Structure formats: C-alpha cells, structure tokens
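A.B. asks: Curious how this folds, go ahead:
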Amino acid sequence: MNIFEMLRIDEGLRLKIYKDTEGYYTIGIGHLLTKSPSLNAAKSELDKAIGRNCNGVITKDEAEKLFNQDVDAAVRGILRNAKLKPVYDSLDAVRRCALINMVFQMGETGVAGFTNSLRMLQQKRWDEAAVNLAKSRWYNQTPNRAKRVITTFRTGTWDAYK
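C.D. replies: Numbers count the residues shown, from 1 in each chain. Now the structure:
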C-alpha cells in the first residue's frame, strides 16, 4: 500500500481529459497535459504521450501506463535535486511516497522551495516540519490534500487518507 497501491486518492480517477481545480487542462490522475486554454494542445500532448489519437478517451490500461510514466517521471525526478535526495532518504517510505506526491504535485522546484520544512524533515523535527509545510507554492493550492500529505509526514502512516 503506497504511492499509486496515494495520488489515486489525491486526485480521483478519470479516463477522460478534464479541468483540474486550478483550471489547467488534465487527463488521468494528476497528469497535467497543458496549462494552455486550448484543449487540443492537451489532446496533442496526449497524442504523443500515448502514441495515438486518443481524442479524450483511452483504454484503462493506458491510464495506468501513463500514470506509471508520470510516477516514474517523479522517481532518473526527485533524485536529481540537490536538496530532495537526503530528505527522501530521511523519510520513511510511507513519507517518501508523500514527497513523491509533492514533487508530482507542485513540481520539483516548489518542493525545492520549502527548504526549511525539508531541513526539519531530515532532522526529523516532524512537528515543525509539518507546521512549515503548512506556511502557504503548495499548501494554499490544495489545502485538504496538503493537509493529508503533511499529516502523512506527521504520522508515518496513511491515516490522513484513512
């Protein structure tokens, strides 16, 4: 029971392309296609990502596959960062999937942007690390999801997702 069996809890699951809560166009679980107003750009980037003219619908196995391609993009992506790697080491794997949720969500740069919270995580001052993951580009964006993930750091378990 881990990241897949986390984000799938985090974002629901539609085979169809759809708007995210921030209004960026999206298909699958958290898989941004384009920020562009044109949906066709989303369908086209989807056309490259899937290798076929999906036109907003895909076989569920392709959804699982693209979902794996994105989670794998998160896993050659967290490692390159100078800051995230020691923190990814300090986390229990149950929190490591949470860091994967972070880098998958706000992007690697924003997860890089919470340097103090991460410093508290590697030092395992989990409480203030949580209070600092709480002073907001992420926590303000998805406050319930961010609460679930920060709780995931607080607990060492999936309990926020209950």
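
A.B. asks: Buried residues in the helix or strand hosting residue 68, which are they?
C.D. replies: In this structure, residue 68 is located in helix 60-74 according to DSSP states H and E. Residues of helix 60-74 classed as buried by neighbour count (16 or more other CB atoms under 10 Å): 62-63, 66-67, 70-71, 74. Yep, even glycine has a C-beta here, placed from its N, CA and C like the rest.

A.B. asks: Adding distance to residue 54, write those residues out as TSV.
C.D. replies: Formatted as TSV, those follow (distance: CB to CB, whole Å):
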residue	distance to residue 54
62	8
63	10
66	10
67	14
70	16
71	20
74	22
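
A.B. asks: Now for these: which two are most distant?
C.D. replies: Spanning the widest gap among the buried residues of helix 60-74 are 62 and 74, at 18.6 Å by CB to CB.

A.B. asks: on that earlier part again, determine the set of other helices and strands touching the helix holding residue 68.
C.D. replies: In terms of contacts (3 or more CB pairs under 8 Å, 6 or more residues apart in numbering; DSSP states H and E), helix 60-74 is packed against helix 7-11, strand 31-34, helix 39-50, helix 93-105.

A.B. asks: The residue of the chain positioned farthest from its centre: which element?
C.D. replies: In the chain, counting by CA atoms, centre = their mean, residue 53 sits farthest out from the average C-alpha position, at 25.9 Å. Taking DSSP H and E as the definition, residue 53 sits outside all helices and strands.

A.B. asks: Just want the phi and psi numbers for it.
C.D. replies: phi -80, psi 80 (degrees, to the nearest 10).

A.B. asks: Return the distance of it relative to residue 25.
C.D. replies: For residue 53, the distance to residue 25 (CB to CB, to the nearest Å) stands at 17 Å.

A.B. asks: Report how many residues lie close to residue 16.
C.D. replies: 11 (other CB atoms under 10 Å).

A.B. asks: Nice, that's everything, thank you.
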